[PDB]
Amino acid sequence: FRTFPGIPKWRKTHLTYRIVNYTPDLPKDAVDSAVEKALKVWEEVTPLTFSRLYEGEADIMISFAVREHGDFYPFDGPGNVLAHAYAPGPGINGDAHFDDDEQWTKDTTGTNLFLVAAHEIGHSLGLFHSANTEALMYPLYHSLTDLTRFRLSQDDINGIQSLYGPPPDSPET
């Protein structure tokens, strides 16, 4: 694992999230679930919880974005970069942007929304890019079939738990 410069992490354990808008590609439900599920993955192995806002501002603001969208970092069209997100902190920090010139998918067809959402929630949570290829925080989106063999790697566990520790109801091996 890596982290960001001098350990940007959150100070509180209950975070908020808003999905600011929706993709042409999937129905709203598929979006939601992928997000619910991406949060869950980090929840499961730490003391953090999340909760959903329909209006106002949230720690993690989640949106779909084409090209120029309002930050300092425009997207590149179909291909290359698939998404980007921001380290802990106020405002734009915490926040997560999905390239809609990709094809977001519920399975393995185009770009998997869950897989990616997980990766970029690693960013909003304080993790950077891993060296470990087998880790979710490696900067490549890999050629996959089985989404049931989504488990985080040990590197991932190790990095999010060095930030936040393990869950309160959890034993340690």
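Note that residue numbering follows the sequence shown and begins at 1.
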Exercise. Mind pulling up the entry and telling me whether 39-47 or 129-137 has the higher mean Cα temperature factor?
Key: 129-137
Practice problem: Would you mind comparing 146-154 and 8-16 for me and telling me which has the higher average C-alpha temperature factor in the entry? | Solution: 146-154
Quiz item: Whose C-alpha has the highest temperature factor in the PDB entry: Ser124, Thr108, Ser33, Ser63?
Solution: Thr108
Quiz item: Reading the B-factor column of the entry, which of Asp71, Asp95, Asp100, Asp76 has the highest value at its C-alpha atom?
Solution: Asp76
Quiz item: Relative to the other modelled residues in the chain, which third contains the C-alpha temperature factor of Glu55: lowest, middle or highest?
Solution: lowest
